[PDB]
$ cat coords_32.txt   # compact mmCIF, C-alpha atoms and all ligand atoms
# COMPACT_ATOMS: atom_id res chain seq x y z
CA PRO E 1 161.15 146.11 234.61
CA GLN E 2 159.00 145.32 237.54
CA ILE E 3 155.25 145.57 237.27
CA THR E 4 153.07 145.77 240.40
CA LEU E 5 149.52 144.48 240.45
CA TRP E 6 147.53 147.32 241.94
CA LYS E 7 146.11 147.93 238.44
CA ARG E 8 145.84 145.67 235.38
CA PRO E 9 149.42 144.98 234.16
CA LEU E 10 149.04 146.61 230.72
CA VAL E 11 151.99 147.27 228.47
CA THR E 12 152.45 148.36 224.86
CA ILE E 13 152.98 145.66 222.27
CA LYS E 14 153.89 145.78 218.59
CA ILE E 15 152.27 143.23 216.32
CA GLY E 16 151.53 143.15 212.59
CA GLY E 17 153.04 146.67 212.34
CA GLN E 18 150.60 148.14 214.86
CA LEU E 19 150.93 149.31 218.48
CA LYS E 20 148.40 147.99 220.96
CA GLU E 21 147.97 147.73 224.69
CA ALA E 22 147.89 144.24 226.21
CA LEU E 23 147.57 142.50 229.55
CA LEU E 24 150.46 140.41 230.87
CA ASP E 25 148.52 137.32 231.99
CA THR E 26 150.17 134.48 233.92
CA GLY E 27 146.78 132.75 234.02
CA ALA E 28 146.64 132.45 230.20
CA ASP E 29 148.29 129.45 228.43
CA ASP E 30 147.93 131.31 225.07
CA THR E 31 148.18 134.85 223.70
CA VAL E 32 144.85 136.26 222.41
CA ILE E 33 144.71 139.51 220.47
CA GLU E 34 141.72 141.60 219.28
CA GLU E 35 140.53 141.06 215.76
CA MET E 36 143.19 142.26 213.33
CA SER E 37 143.98 141.45 209.74
CA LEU E 38 147.24 139.48 210.11
CA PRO E 39 148.66 138.11 206.90
CA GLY E 40 148.96 134.51 205.93
CA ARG E 41 147.68 131.07 206.81
CA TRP E 42 145.90 130.22 210.02
CA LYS E 43 144.00 127.32 211.68
CA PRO E 44 140.56 127.58 213.46
CA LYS E 45 140.69 127.13 217.24
CA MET E 46 138.39 127.48 220.24
CA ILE E 47 139.72 128.75 223.56
CA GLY E 48 137.93 128.85 226.87
CA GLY E 49 137.89 130.59 230.17
CA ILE E 50 135.34 131.80 232.64
CA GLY E 51 132.16 132.23 230.66
CA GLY E 52 132.85 129.53 228.09
CA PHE E 53 134.60 129.45 224.74
CA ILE E 54 135.28 131.77 221.82
CA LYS E 55 136.34 131.00 218.26
CA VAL E 56 139.75 132.39 217.21
CA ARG E 57 142.20 132.12 214.37
CA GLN E 58 145.59 130.57 215.23
CA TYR E 59 148.65 132.18 213.57
CA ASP E 60 152.04 130.62 214.05
CA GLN E 61 155.48 132.24 214.22
CA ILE E 62 154.14 135.77 214.69
CA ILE E 63 156.74 138.39 215.68
CA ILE E 64 155.53 140.49 218.59
CA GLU E 65 157.37 143.06 220.68
CA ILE E 66 156.15 143.21 224.28
CA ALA E 67 157.31 146.27 226.37
CA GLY E 68 160.35 146.43 224.09
CA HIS E 69 161.21 142.73 224.25
CA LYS E 70 161.01 140.79 220.93
CA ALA E 71 159.19 137.44 220.93
CA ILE E 72 158.00 135.00 218.31
CA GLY E 73 155.27 132.46 218.59
CA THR E 74 151.67 131.53 218.32
CA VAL E 75 149.02 134.28 218.45
CA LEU E 76 145.24 133.66 218.47
CA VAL E 77 143.11 136.33 216.96
CA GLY E 78 139.42 136.87 217.71
CA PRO E 79 136.76 138.68 219.68
CA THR E 80 138.51 138.86 223.00
CA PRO E 81 137.47 141.62 225.35
CA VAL E 82 141.16 142.51 226.11
CA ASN E 83 144.54 141.78 224.45
CA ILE E 84 146.18 139.05 226.45
CA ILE E 85 149.90 138.03 226.52
CA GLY E 86 149.94 134.46 227.76
CA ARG E 87 152.67 132.18 229.05
CA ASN E 88 153.70 131.04 225.57
CA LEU E 89 155.21 134.53 225.06
CA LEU E 90 155.83 135.57 228.75
CA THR E 91 158.48 132.77 228.95
CA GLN E 92 160.22 134.13 225.88
CA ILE E 93 160.72 137.54 227.50
CA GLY E 94 161.96 135.88 230.76
CA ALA E 95 158.99 137.03 232.85
CA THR E 96 158.57 135.68 236.37
CA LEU E 97 156.19 136.10 239.30
CA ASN E 98 157.90 137.03 242.53
CA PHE E 99 156.83 137.24 246.13
CA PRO F 1 159.72 132.57 245.74
CA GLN F 2 160.44 133.31 242.09
CA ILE F 3 158.16 131.41 239.74
CA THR F 4 158.83 130.98 236.03
CA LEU F 5 156.05 130.44 233.48
CA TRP F 6 156.97 127.30 231.49
CA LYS F 7 154.19 125.54 233.39
CA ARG F 8 151.00 126.91 234.90
CA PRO F 9 151.81 128.83 238.10
CA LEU F 10 149.78 126.43 240.29
CA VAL F 11 150.24 126.67 244.04
CA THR F 12 148.67 125.26 247.14
CA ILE F 13 146.14 127.36 248.99
CA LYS F 14 144.32 126.83 252.26
CA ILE F 15 140.84 128.27 252.45
CA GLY F 16 138.13 127.39 255.01
CA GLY F 17 140.83 125.03 256.50
CA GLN F 18 140.88 122.93 253.26
CA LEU F 19 143.88 122.50 250.91
CA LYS F 20 143.21 123.28 247.25
CA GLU F 21 145.33 124.11 244.22
CA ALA F 22 144.93 127.50 242.46
CA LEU F 23 146.49 129.37 239.53
CA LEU F 24 148.35 132.65 240.21
CA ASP F 25 146.55 134.82 237.61
CA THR F 26 147.81 138.37 236.91
CA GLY F 27 145.01 138.65 234.26
CA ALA F 28 142.28 138.32 236.85
CA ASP F 29 141.03 141.35 238.85
CA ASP F 30 139.35 138.95 241.33
CA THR F 31 139.91 135.56 242.99
CA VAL F 32 137.50 132.82 241.91
CA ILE F 33 137.38 129.42 243.58
CA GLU F 34 135.26 126.37 242.53
CA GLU F 35 131.99 125.63 244.32
CA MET F 36 132.63 124.70 247.95
CA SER F 37 131.20 125.13 251.40
CA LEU F 38 132.87 128.14 252.90
CA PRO F 39 132.38 129.71 256.33
CA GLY F 40 131.27 133.36 256.07
CA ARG F 41 128.41 135.44 254.70
CA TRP F 42 128.05 136.00 250.96
CA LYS F 43 126.07 137.91 248.37
CA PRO F 44 125.23 137.09 244.74
CA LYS F 45 127.61 138.65 242.13
CA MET F 46 128.35 138.27 238.45
CA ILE F 47 131.76 138.21 236.95
CA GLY F 48 133.08 138.12 233.42
CA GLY F 49 135.94 136.42 231.62
CA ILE F 50 137.09 135.52 228.16
CA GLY F 51 133.88 133.69 227.18
CA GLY F 52 131.04 135.49 229.00
CA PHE F 53 129.69 135.92 232.55
CA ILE F 54 129.03 133.50 235.39
CA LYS F 55 127.08 133.82 238.65
CA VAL F 56 129.18 133.57 241.86
CA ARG F 57 128.90 133.96 245.64
CA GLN F 58 130.88 136.95 246.86
CA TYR F 59 132.54 136.48 250.28
CA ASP F 60 134.36 139.43 251.81
CA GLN F 61 137.19 139.33 254.27
CA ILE F 62 138.06 135.64 253.93
CA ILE F 63 141.34 134.38 255.41
CA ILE F 64 143.32 132.45 252.83
CA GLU F 65 146.89 131.16 252.72
CA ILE F 66 148.53 131.19 249.24
CA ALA F 67 151.84 129.32 248.85
CA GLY F 68 152.25 129.85 252.59
CA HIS F 69 151.49 133.61 252.57
CA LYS F 70 148.52 135.11 254.32
CA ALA F 71 145.82 137.21 252.70
CA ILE F 72 142.45 138.40 253.97
CA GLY F 73 140.04 139.57 251.20
CA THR F 74 137.26 138.90 248.81
CA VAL F 75 136.82 135.41 247.37
CA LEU F 76 134.29 134.67 244.69
CA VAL F 77 132.91 131.08 244.72
CA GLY F 78 131.31 129.59 241.63
CA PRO F 79 131.64 127.39 238.58
CA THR F 80 135.05 128.54 237.42
CA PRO F 81 136.98 126.05 235.31
CA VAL F 82 140.14 126.50 237.39
CA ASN F 83 140.68 128.06 240.89
CA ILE F 84 142.26 131.48 240.28
CA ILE F 85 144.12 133.87 242.60
CA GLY F 86 143.62 137.29 241.11
CA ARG F 87 145.16 140.71 241.68
CA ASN F 88 143.06 141.51 244.76
CA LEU F 89 145.00 138.85 246.71
CA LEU F 90 148.25 138.82 244.68
CA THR F 91 148.84 142.41 245.87
CA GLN F 92 148.37 141.32 249.48
CA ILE F 93 151.08 138.73 249.22
CA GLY F 94 153.41 141.25 247.58
CA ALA F 95 153.52 139.62 244.12
CA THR F 96 155.03 141.44 241.13
CA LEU F 97 155.81 140.53 237.50
CA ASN F 98 159.43 140.97 236.56
CA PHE F 99 161.38 140.75 233.31
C1 LIG Q 101 142.68 133.79 227.85
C2 LIG Q 101 142.49 132.22 227.79
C3 LIG Q 101 143.48 131.56 226.78
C4 LIG Q 101 142.74 131.68 229.22
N1 LIG Q 101 142.44 130.22 229.36
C5 LIG Q 101 143.44 129.33 229.62
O1 LIG Q 101 144.64 129.64 229.70
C6 LIG Q 101 143.16 127.85 229.86
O2 LIG Q 101 141.69 127.74 229.68
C7 LIG Q 101 140.98 126.70 230.24
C8 LIG Q 101 139.59 126.69 230.06
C9 LIG Q 101 138.83 125.67 230.62
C10 LIG Q 101 139.44 124.65 231.35
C11 LIG Q 101 140.84 124.66 231.55
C12 LIG Q 101 141.62 125.69 230.98
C13 LIG Q 101 141.91 132.39 230.37
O3 LIG Q 101 140.68 132.62 230.29
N2 LIG Q 101 142.63 132.72 231.46
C14 LIG Q 101 141.95 133.35 232.70
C15 LIG Q 101 142.26 132.38 233.89
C16 LIG Q 101 141.53 131.07 233.65
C17 LIG Q 101 140.11 130.93 233.72
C18 LIG Q 101 139.52 129.70 233.49
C19 LIG Q 101 140.32 128.61 233.15
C20 LIG Q 101 141.71 128.75 233.07
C21 LIG Q 101 142.33 130.00 233.34
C22 LIG Q 101 142.39 134.80 233.00
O4 LIG Q 101 143.85 134.80 233.15
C23 LIG Q 101 142.06 135.65 231.82
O5 LIG Q 101 140.66 136.08 231.80
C24 LIG Q 101 141.67 137.07 232.09
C25 LIG Q 101 141.92 137.93 230.99
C26 LIG Q 101 140.67 138.79 230.83
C27 LIG Q 101 140.64 140.07 231.40
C28 LIG Q 101 139.51 140.89 231.26
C29 LIG Q 101 138.43 140.38 230.53
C30 LIG Q 101 138.47 139.10 229.99
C31 LIG Q 101 139.60 138.29 230.09
$ encode --input "coords_32.txt" --output "structure tokens" --more "lines below"
Ligand SMILES: CC(C)[C@H](NC(=O)COc1ccccc1)C(=O)N[C@@H](Cc1ccccc1)[C@@H](O)[C@H]1O[C@@H]1Cc1ccccc1
Amino acid sequence: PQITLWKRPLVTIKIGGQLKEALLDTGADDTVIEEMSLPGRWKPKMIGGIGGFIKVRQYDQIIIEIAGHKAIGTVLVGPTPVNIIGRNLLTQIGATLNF
Amino acid sequence: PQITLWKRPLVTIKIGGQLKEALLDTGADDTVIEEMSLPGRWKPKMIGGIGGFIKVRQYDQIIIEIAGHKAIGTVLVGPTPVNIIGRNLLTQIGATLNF
């Protein structure tokens, strides 16, 4: 699919057995999802952006489906204001920017 | 061009006649460039990101070249960690996400 940028590029994702909406973000190195009770081990992390840093929990090898495309990788969980799909998963679904 | 996402989508921009590097950022509504002297009138604005809000200078109708493509629109100038081209100017250069 092709997604224009007139509005925030939100798509449905599936993660942890739940459906959420998330932002496809080429400006994010990492994928950051709203607080959710994912199973298993995790490592503390801090990620930053405009505004400063927030504290998140890093989960590895998480299966996520993004707009119907399966992916598997690292997901950070914490108090983000929006669900963000970063480049670590955008590459896996073969996403590009074109102009 | 077509740009893949294995590395940060950094490109050259010209703004105020100066070359800078900036990140093509589909997760950003707005374009935010690091503190600089820029010709044009501005007003104080606040913008938010992953870790809180910063103060910026809002400049409307600024001519900018992004990866060789012209845009004329609002540029926010302030203490962003990385120069970011957001959707307001990505739309002007005709950028889409594709997968
Ligand atoms: C999400 C994180 C992992 C991402 N950061 C990064 O990818 C890299 O972060 C840094 C931080 C400091 C220095 C160098 C690099 C980011 O903020 N990405 C932003 C761009 C950016 C800002 C500052 C530094 C680097 C990138 C931008 O894409 C995301 O904010 C949008 C998403 C959004 C939409 C609405 C409300 C809030 C947040």
$ calpha_fit_and_write --input "coords_32.txt" --fixed "chain E" --moving "chain F" --output "compact mmCIF listing (two decimals) with C-alpha atoms, in the frame of the given file"
# COMPACT_ATOMS: atom_id res chain seq x y z
CA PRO F 1 161.20 145.96 234.35
CA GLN F 2 159.48 145.09 237.61
CA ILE F 3 155.72 145.57 237.45
CA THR F 4 153.48 145.73 240.50
CA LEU F 5 149.80 144.75 240.41
CA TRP F 6 147.83 147.69 241.88
CA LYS F 7 146.69 148.42 238.33
CA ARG F 8 146.22 146.10 235.38
CA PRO F 9 149.62 145.12 233.95
CA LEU F 10 148.90 146.77 230.57
CA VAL F 11 151.81 147.25 228.20
CA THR F 12 152.37 148.31 224.65
CA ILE F 13 152.83 145.64 222.02
CA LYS F 14 153.68 145.83 218.34
CA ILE F 15 152.16 143.14 216.17
CA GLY F 16 151.84 143.19 212.35
CA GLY F 17 153.65 146.62 212.62
CA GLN F 18 150.69 148.10 214.61
CA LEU F 19 150.84 149.38 218.22
CA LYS F 20 148.24 147.91 220.58
CA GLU F 21 147.85 147.60 224.34
CA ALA F 22 147.71 144.14 225.98
CA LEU F 23 147.44 142.68 229.49
CA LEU F 24 150.32 140.55 230.84
CA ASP F 25 148.26 137.51 231.94
CA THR F 26 149.95 134.71 233.95
CA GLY F 27 146.50 132.97 234.07
CA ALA F 28 146.40 132.52 230.32
CA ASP F 29 148.12 129.54 228.61
CA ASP F 30 147.81 131.37 225.25
CA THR F 31 147.99 134.89 223.78
CA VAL F 32 144.69 136.25 222.45
CA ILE F 33 144.44 139.50 220.53
CA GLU F 34 141.22 141.26 219.32
CA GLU F 35 140.08 140.86 215.71
CA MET F 36 142.58 142.45 213.33
CA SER F 37 144.17 141.95 209.96
CA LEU F 38 147.39 140.11 210.54
CA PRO F 39 149.99 138.95 208.02
CA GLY F 40 150.51 135.17 208.15
CA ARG F 41 148.58 131.94 207.64
CA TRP F 42 146.04 130.78 210.22
CA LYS F 43 143.78 127.91 211.15
CA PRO F 44 140.49 127.82 213.07
CA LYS F 45 140.82 127.01 216.83
CA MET F 46 138.66 127.16 219.92
CA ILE F 47 139.78 128.38 223.26
CA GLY F 48 138.20 128.52 226.68
CA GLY F 49 138.14 130.97 229.56
CA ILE F 50 136.19 131.78 232.66
CA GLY F 51 132.80 132.00 230.91
CA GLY F 52 132.92 129.47 228.04
CA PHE F 53 134.63 129.02 224.65
CA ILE F 54 135.20 131.33 221.70
CA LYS F 55 136.29 130.70 218.11
CA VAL F 56 139.69 132.21 217.12
CA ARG F 57 142.21 132.25 214.26
CA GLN F 58 145.43 130.51 215.25
CA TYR F 59 148.60 132.07 213.78
CA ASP F 60 151.91 130.34 214.43
CA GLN F 61 155.32 131.91 214.50
CA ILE F 62 154.23 135.55 214.63
CA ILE F 63 156.82 138.22 215.49
CA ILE F 64 155.59 140.41 218.32
CA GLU F 65 157.27 143.01 220.52
CA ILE F 66 155.97 143.17 224.14
CA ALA F 67 157.08 146.15 226.26
CA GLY F 68 160.07 146.34 223.92
CA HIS F 69 161.01 142.63 224.13
CA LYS F 70 160.89 140.31 221.18
CA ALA F 71 158.90 137.10 220.96
CA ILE F 72 158.08 134.83 218.02
CA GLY F 73 155.14 132.43 218.66
CA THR F 74 151.52 131.59 218.42
CA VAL F 75 148.93 134.37 218.53
CA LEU F 76 145.24 133.66 218.66
CA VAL F 77 143.02 136.35 217.05
CA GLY F 78 139.35 136.63 217.95
CA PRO F 79 136.66 138.35 219.98
CA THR F 80 138.47 138.52 223.29
CA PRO F 81 137.32 141.27 225.64
CA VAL F 82 140.89 142.42 226.30
CA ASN F 83 144.18 141.70 224.41
CA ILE F 84 146.08 139.16 226.54
CA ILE F 85 149.73 138.06 226.53
CA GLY F 86 149.72 134.57 227.92
CA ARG F 87 152.39 132.17 229.17
CA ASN F 88 153.45 131.02 225.69
CA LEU F 89 154.97 134.47 225.06
CA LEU F 90 155.64 135.54 228.68
CA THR F 91 158.19 132.69 228.88
CA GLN F 92 159.91 133.97 225.75
CA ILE F 93 160.45 137.38 227.25
CA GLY F 94 161.78 135.81 230.45
CA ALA F 95 158.89 136.86 232.73
CA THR F 96 158.52 135.42 236.24
CA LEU F 97 156.22 136.07 239.22
CA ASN F 98 158.04 137.00 242.38
CA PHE F 99 156.99 137.55 245.99
$ residues_around --input "coords_32.txt" --residues "range 29-32 of chain F" --least-positions-apart "3" --cutoff "9 Å" --atoms "only C-alpha atoms" --output "ChimeraX atom specification"
/E:7-8 /F:25-26,47,56,74-80,82-89
$ interface_residues --input "coords_32.txt" --of "chain E" --to "chain F" --cutoff "8 Å" --atoms "all atoms listed in the file" --output "NGL selection string"
:E and (1-9 or 23-29 or 48-54 or 80-81 or 84 or 87-88 or 90-91 or 93-99)
$ write_last_selection --input "coords_32.txt" --atoms "C-alpha atoms" --output "PDB file, keeping the file's coordinate frame"
ATOM      1  CA  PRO E   1     161.150 146.110 234.610  1.00  0.00           C
ATOM      2  CA  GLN E   2     159.000 145.320 237.540  1.00  0.00           C
ATOM      3  CA  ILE E   3     155.250 145.570 237.270  1.00  0.00           C
ATOM      4  CA  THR E   4     153.070 145.770 240.400  1.00  0.00           C
ATOM      5  CA  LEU E   5     149.520 144.480 240.450  1.00  0.00           C
ATOM      6  CA  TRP E   6     147.530 147.320 241.940  1.00  0.00           C
ATOM      7  CA  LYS E   7     146.110 147.930 238.440  1.00  0.00           C
ATOM      8  CA  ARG E   8     145.840 145.670 235.380  1.00  0.00           C
ATOM      9  CA  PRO E   9     149.420 144.980 234.160  1.00  0.00           C
ATOM     10  CA  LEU E  23     147.570 142.500 229.550  1.00  0.00           C
ATOM     11  CA  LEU E  24     150.460 140.410 230.870  1.00  0.00           C
ATOM     12  CA  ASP E  25     148.520 137.320 231.990  1.00  0.00           C
ATOM     13  CA  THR E  26     150.170 134.480 233.920  1.00  0.00           C
ATOM     14  CA  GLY E  27     146.780 132.750 234.020  1.00  0.00           C
ATOM     15  CA  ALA E  28     146.640 132.450 230.200  1.00  0.00           C
ATOM     16  CA  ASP E  29     148.290 129.450 228.430  1.00  0.00           C
ATOM     17  CA  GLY E  48     137.930 128.850 226.870  1.00  0.00           C
ATOM     18  CA  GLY E  49     137.890 130.590 230.170  1.00  0.00           C
ATOM     19  CA  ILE E  50     135.340 131.800 232.640  1.00  0.00           C
ATOM     20  CA  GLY E  51     132.160 132.230 230.660  1.00  0.00           C
ATOM     21  CA  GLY E  52     132.850 129.530 228.090  1.00  0.00           C
ATOM     22  CA  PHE E  53     134.600 129.450 224.740  1.00  0.00           C
ATOM     23  CA  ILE E  54     135.280 131.770 221.820  1.00  0.00           C
ATOM     24  CA  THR E  80     138.510 138.860 223.000  1.00  0.00           C
ATOM     25  CA  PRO E  81     137.470 141.620 225.350  1.00  0.00           C
ATOM     26  CA  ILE E  84     146.180 139.050 226.450  1.00  0.00           C
ATOM     27  CA  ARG E  87     152.670 132.180 229.050  1.00  0.00           C
ATOM     28  CA  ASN E  88     153.700 131.040 225.570  1.00  0.00           C
ATOM     29  CA  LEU E  90     155.830 135.570 228.750  1.00  0.00           C
ATOM     30  CA  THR E  91     158.480 132.770 228.950  1.00  0.00           C
ATOM     31  CA  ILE E  93     160.720 137.540 227.500  1.00  0.00           C
ATOM     32  CA  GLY E  94     161.960 135.880 230.760  1.00  0.00           C
ATOM     33  CA  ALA E  95     158.990 137.030 232.850  1.00  0.00           C
ATOM     34  CA  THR E  96     158.570 135.680 236.370  1.00  0.00           C
ATOM     35  CA  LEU E  97     156.190 136.100 239.300  1.00  0.00           C
ATOM     36  CA  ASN E  98     157.900 137.030 242.530  1.00  0.00           C
ATOM     37  CA  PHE E  99     156.830 137.240 246.130  1.00  0.00           C
TER      38      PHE E  99
END
$ atom_distance --input "coords_32.txt" --atom1 "CA of residue 39 in chain E" --atom2 "CA of residue 66 in chain E"
19.6 Å
$ axis_aligned_box --input "coords_32.txt" --around "ligand LIG 101 (chain Q)" --padding-each-side "4 Å" --output "lines of an AutoDock Vina configuration file"
center_x = 141.5
center_y = 132.8
center_z = 230.3
size_x = 14.2
size_y = 24.2
size_z = 15.1
$ closest_residue --input "coords_32.txt" --among "E:15, E:46, E:33, E:72" --to "residue 60 in chain E" --atoms "all atoms listed in the file"
E:72
$ closest_residue --input "coords_32.txt" --among "F:16, F:63, F:21, F:58" --to "residue 36 in chain F" --atoms "all atoms listed in the file"
F:16
$ atom_distance --input "coords_32.txt" --atom1 "CA of residue 71 in chain F" --atom2 "atom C7 of ligand LIG 101 (chain Q)"
25.3 Å
$ closest_residue --input "coords_32.txt" --among "E:20, E:45, E:13, E:38" --to "ligand LIG 101 (chain Q)" --atoms "only C-alpha atoms and all ligand atoms"
E:45
$ atom_distance --input "coords_32.txt" --atom1 "CA of residue 11 in chain F" --atom2 "CA of residue 40 in chain F"
23.4 Å
$ decode --input "coords_32.txt" --residues "range 59-96 of chain F" --atoms "C-alpha atoms" --output "tab-separated table (two decimals), in the first residue's frame"
chain	number	residue	atom	x	y	z
F	59	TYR	CA	8.53	31.05	10.93
F	60	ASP	CA	5.87	30.92	8.24
F	61	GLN	CA	6.39	30.74	4.53
F	62	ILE	CA	10.11	29.88	4.56
F	63	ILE	CA	11.75	28.68	1.33
F	64	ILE	CA	13.61	25.44	1.90
F	65	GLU	CA	15.17	22.90	-0.44
F	66	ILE	CA	14.99	19.24	0.76
F	67	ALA	CA	17.09	16.67	-1.13
F	68	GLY	CA	16.90	19.10	-4.05
F	69	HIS	CA	13.10	19.62	-3.93
F	70	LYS	CA	11.51	22.94	-3.17
F	71	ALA	CA	9.07	23.64	-0.35
F	72	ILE	CA	7.73	26.89	1.06
F	73	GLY	CA	6.14	26.55	4.55
F	74	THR	CA	6.38	26.74	8.26
F	75	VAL	CA	9.69	25.99	9.98
F	76	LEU	CA	10.00	25.80	13.72
F	77	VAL	CA	13.47	26.76	15.10
F	78	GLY	CA	14.56	25.63	18.54
F	79	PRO	CA	16.52	23.18	20.66
F	80	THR	CA	15.56	19.99	18.86
F	81	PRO	CA	18.01	17.12	19.21
F	82	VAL	CA	17.99	16.45	15.45
F	83	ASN	CA	16.78	18.61	12.49
F	84	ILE	CA	13.46	17.09	11.38
F	85	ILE	CA	11.43	17.49	8.18
F	86	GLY	CA	7.86	16.78	9.16
F	87	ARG	CA	4.64	16.13	7.27
F	88	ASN	CA	3.93	19.81	6.57
F	89	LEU	CA	6.89	19.88	4.15
F	90	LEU	CA	7.02	16.16	3.21
F	91	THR	CA	3.60	16.63	1.56
F	92	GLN	CA	4.93	19.57	-0.46
F	93	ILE	CA	7.71	17.50	-1.93
F	94	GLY	CA	5.27	14.71	-2.77
F	95	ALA	CA	6.60	12.12	-0.29
F	96	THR	CA	4.68	8.92	0.47
